[PDB]
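Take a look at the structure below.
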Amino acid sequence: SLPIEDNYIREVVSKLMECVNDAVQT
Amino acid sequence: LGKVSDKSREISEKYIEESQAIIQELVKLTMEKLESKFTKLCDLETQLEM
């Protein structure tokens, strides 16, 4: 039940190919 | 860029085909609004003779 410091708590705490194949063609 | 322009040429042809039907539909829809005024005009041929 002892408290813990805050500095330890703050220490612990397919769309790509849709355009390429179209840019190669057109 | 030549391939992009060749695609855009047929897209522009698609928009020519898009625009001409709208122009023809405007020309059709003008006619009935004109014809109602033609009937209003033909009433005057007796309304003035009276």
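Protein chains in written order, with the deposited numbering: chain D, 356 to 368, 387 to 399; chain H, 407 to 456.
The beta-carbon is built from N, C-alpha and C at its ideal position, and this holds for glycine as well.
If you look at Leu450/H, you'll find it in the alpha helix (DSSP H) that goes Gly408 to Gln453. Beyond the five residues adjoining it in sequence on each side, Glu360/D comes within less than 6 Å, by CB distance, of no other residue in the same chain. Assignment of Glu360/D by DSSP, reduced to helix, strand and coil, places it in the coil class.
Here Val393/D carries a helix assignment [DSSP, helix/strand/coil]. A direct Cα-Cα distance of roughly 41 Å separates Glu424/H from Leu450/H.
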